[PDB]
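Written out below as structure tokens is the structure these notes cover.
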Amino acid sequence: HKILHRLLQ
Amino acid sequence: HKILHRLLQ
Amino acid sequence: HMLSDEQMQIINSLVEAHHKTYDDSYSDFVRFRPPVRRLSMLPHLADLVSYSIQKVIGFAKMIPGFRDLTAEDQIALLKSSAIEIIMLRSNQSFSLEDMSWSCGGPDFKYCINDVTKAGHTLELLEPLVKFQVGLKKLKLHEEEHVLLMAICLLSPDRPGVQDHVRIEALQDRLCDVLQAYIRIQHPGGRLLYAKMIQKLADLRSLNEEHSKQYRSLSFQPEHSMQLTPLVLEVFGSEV
Amino acid sequence: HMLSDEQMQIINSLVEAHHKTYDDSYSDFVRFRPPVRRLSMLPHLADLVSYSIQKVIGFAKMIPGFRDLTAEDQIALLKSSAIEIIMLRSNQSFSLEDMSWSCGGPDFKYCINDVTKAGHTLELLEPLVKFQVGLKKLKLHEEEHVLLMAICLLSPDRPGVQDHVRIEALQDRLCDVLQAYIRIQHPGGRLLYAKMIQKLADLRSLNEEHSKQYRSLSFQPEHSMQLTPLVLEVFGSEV
Ligand SMILES: C=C1/C(=C\C=C(/CCCC)c2cccc(CCCCCC(C)(C)O)c2)C[C@@H](O)C[C@@H]1O
Ligand SMILES: C=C1/C(=C\C=C(/CCCC)c2cccc(CCCCCC(C)(C)O)c2)C[C@@H](O)C[C@@H]1O
């Protein structure tokens, strides 16, 4: 979940 | 390589 | 009876969260792969959905107590509820007059046949439209609309959730806010709270139908390649 | 001296392969996420590159003997040479007059600063432009241009190749065709074959620079999300 992690800061 | 495989028929 | 200070803060913070994550001008739509009218609408809709997933993440981050949860719990809630929030928030563009979603110009006026041209069947579109007509008729206040989305997102009955005791507490605290908001601020809302809780049940079956249809779509590399990395990740089955 | 029947068939089949996979009208460009002029050109270029990867696959499939190779070998060759074929084929839109790629309308006239606005640095753009100017000046025949791309694609010195003895045979057979084509059909091509073989060496260092720059880009989720599933798969590091 690379993107989700980043998007969640 | 799911897509590449399909694209190569 | 009247709303506590705490409950009022919850409403204000949620309305501001919605305002920050929902652009009523739909101006960003020109940056998506354009609408084409075999699976001609898949690029535009993959892009529209991906853009919306970003918005739902932005919104969720401003729901009081969501940021305090485990990154894992935040992911579980987002992965399983994202499509339901898309369905809910889309009501703002849904119009009873044309029975379509109207997002800006003439190119972003979307009929039910567009979703058909994007890999979905009438098994999903029959209840999606019925769900939208039903939800539109409730003439929800912005406060209720925004509260319903936060109740949906904070459902502890999601596959993957760990601290479901903390999540159930957050949701119940939000439902207390809604129930009271209707009581105090909504004239003739005697049956509304129940009517809205039933709308959450409809979202589950719609989630289920979309999931089946998406699995079929995502299993065909020629179609999955038309999707975005975020859509693949959010609607995907990784743990 | 003159070309054998077999060598002539190789030229015809390659020219027709190029014609099928290269659209000189650039009409399909309106279907990509539009050009925007922090990493504003990344969506449009991710889309442009992804579209081109599909073309290079379509072309490769018509190179005599490529389809007969192992799916694995076909993947290895494509994964490592794709960017070099993109660089080669882009020469058809490169113009010496404006020092840019001109693909259709005024929106698809691409200057070197566009690639900059898409996550790449002057470390790549200095030699990319120099490579294009150098290649443009060779005033290659369509037969040579198409042959050079097939030599590049059939390089057995690629990471991942298994039956490299069969691949080296295919490439040498193609080089015999080129060397003869120049000899017989190209007046004043005494130094051309060598000049073209040197262009293959330039592609390796350009491949190397792009790979570094792409790794940096793909490692930032906020950027990798702007890429397409095919680009991720082809430029990715899976085995
Ligand atoms: C996405 C939004 C809008 C319309 C939404 C809509 C209606 C769009 C009408 C064309 C919609 C919503 C949920 C589900 C569906 C069915 C399609 C499922 C997504 C495709 C996928 C990911 C490949 O499975 C459509 C438009 C605006 O209201 C913004 C809002 O966030
Ligand atoms: C792609 C093509 C065209 C132009 C190509 C070009 C020039 C485009 C000028 C804006 C290009 C080619 C190779 C490398 C680069 C550098 C950018 C690298 C790709 C980005 C990525 C995947 C995120 O790393 C640009 C235009 C037409 O000639 C079709 C041709 O296939």
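Suppose you put the label 7 Å out from Cα in the Cβ direction; list, shortest first and in nm with one decimal, how far D:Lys212 is from each other copy's label.
Nearest to farthest, the other copies are at 5.3 nm.
Taking each residue in D:23-36, count the Cβ atoms of any other chain within 10 Å of its Cβ, then average. What number comes out? Could the numbers behind the result be given before it?
Values: counts 0, 0, 0, 0, 0, 0, 0, 3, 6, 3, 7, 5, 0, 2.
So the per-residue partner count for this stretch is 2.
Which value results for Rg/Rh of the protein assembly as shown when Rg is the Cα radius of gyration and Rh the Kirkwood radius based on the inverse mean 1/r?
Values: Rg = 27.3 Å, Rh = 25.5 Å.
Value, to two decimals: 1.07.
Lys and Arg at +1, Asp and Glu at -1: add these up for the other residues within a Cβ distance under 11 Å of D:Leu96 and post the number.
Numbers: positive: D:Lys136, D:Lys137, D:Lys139; negative: D:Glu97, D:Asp98.
Overall, the nearby charge balance is +1.
List C:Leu227, D:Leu39 from most exposed to least, where exposure is judged by having the fewest other Cβ atoms within 10 Å.
Neighbour counts put them in this order, fewest first: D:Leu39, C:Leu227.
Shortest first and in nm with one decimal, please list how far the D:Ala194 label point sits from its counterparts in the other copies (point 7 Å along Cα→Cβ).
Taking the point 7 Å beyond Cα along Cα→Cβ, the inter-copy spacings are 9.2 nm.
Going by the rotation axis that takes chain C to chain D, pick out the residue of C with the closest C-beta and quote the gap in whole Å.
Value returned for chain C: C:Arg33, 3.
For the pairs C:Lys79/C:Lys109; C:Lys61/C:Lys136; D:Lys20/D:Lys55; A:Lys2/C:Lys20; D:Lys20/D:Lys61; D:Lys55/D:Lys79, note any where the Cα-Cα span goes beyond 18 Å.
Values: C:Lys79/C:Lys109 28 Å; C:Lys61/C:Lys136 26 Å; D:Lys20/D:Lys55 9 Å; A:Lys2/C:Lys20 24 Å; D:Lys20/D:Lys61 11 Å; D:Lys55/D:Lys79 14 Å.
As for pairs spanning more than 18 Å Cα to Cα, those are C:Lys79/C:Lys109; C:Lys61/C:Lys136; A:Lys2/C:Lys20.
For a quick check: with amide H placed at 1.01 Å from N, whose amide H comes under 5 Å from D:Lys109's, ignoring anything fewer than 5 positions away on the same chain?
Counting only residues 5 or more places away or on other chains, the set is D:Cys103.
At D:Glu16, with labels set 7 Å past Cα in the Cβ direction, how many nm apart are the copies from this one, shortest first?
6.8
Can you list the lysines whose alpha carbon is less than 16 Å from that of C:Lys139, not counting same-chain residues fewer than 8 positions off?
Qualifying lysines at Cα under 16 Å: C:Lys130, C:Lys195, C:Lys199.
Which of the listed residues, D:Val56, D:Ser81, D:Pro106, is farthest toward the dipole's positive end in chain D, when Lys, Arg count +1 and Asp, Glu count -1 at the beta-carbon?
Of the listed residues, the answer is D:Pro106.
Using Cβ counts within 10 Å as a stand-in for footprinting exposure, how do D:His18, D:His44, B:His5, D:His223 rank, fewest first? It would help to have the intermediate numbers written out before the result.
On the way: D:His18 21, D:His44 24, B:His5 14, D:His223 18.
Least crowded to most crowded, the residues run B:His5, D:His223, D:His18, D:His44.
Rounded if a/c is under 1.5, else prolate if a/b is larger than b/c, else oblate: which is the range D:164-213, with a ≥ b ≥ c the root eigenvalues of its Cα gyration tensor?
Values: a/c = 4.32, a/b = 1.46, b/c = 2.96.
Taking the square roots of the gyration eigenvalues as a ≥ b ≥ c, the range D:164-213 is oblate.
Count the net charge of all other residues whose Cβ sits under 15 Å from the Cβ of C:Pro229, scoring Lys and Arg as +1 and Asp and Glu as -1. Please list the in-between numbers first.
Values: positive: A:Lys2, A:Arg6, B:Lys2, C:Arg33, C:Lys79, D:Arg33; negative: C:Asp47, C:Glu233, C:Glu238, D:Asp47, D:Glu222, D:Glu233, D:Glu238.
Surrounding charge for C:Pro229 is -1.
Which whole number of Å³ per residue matches the convex hull of the alpha-carbon atoms in the range C:28-100? Don't skip to the answer; put the middle values down first.
Numbers: hull volume 9.0 nm³, N = 73.
Hull volume over Cα atoms, normalised by residue count, gives 124 Å³.
Rounded to the nearest 500, what is chain C's calculated 222 nm mean residue ellipticity when only DSSP H runs of at least 4 contribute -39500 (n - 2.57) each, over all residues?
It comes out at -20000 deg cm²/dmol, rounded to the nearest 500.
At what distance in angstrom do the alpha carbon centres of the range C:142-210 and the range C:2-60 lie from each other?
For the range C:142-210 versus the range C:2-60, the Cα centre distance is 18 Å.
Just from the alpha-carbon atoms, what are the Rg and Dmax of chain D in angstroms?
Here Rg and the maximum Cα pair distance are 17.7, 58 Å.
Which net charge results for the neighbourhood of C:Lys199, defined as the other residues with beta-carbon distances under 14 angstrom from its beta-carbon, given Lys and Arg at +1 and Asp and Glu at -1?
Numbers: positive: C:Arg89, C:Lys130, C:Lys136, C:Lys137, C:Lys139, C:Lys195, C:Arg204; negative: C:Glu84, C:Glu144, C:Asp202.
The answer is +4.
Provide a whole-number value for the mean count of partner chain Cβ atoms within 10 Å of the Cβ atoms in peptide D:215-225.
3
Neighbour counts run over all protein chains shown; Cβ positions are idealised from the backbone, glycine included. Values quoted throughout were computed directly from the atomic coordinates according to the rules given, and no laboratory measurement underlies them.
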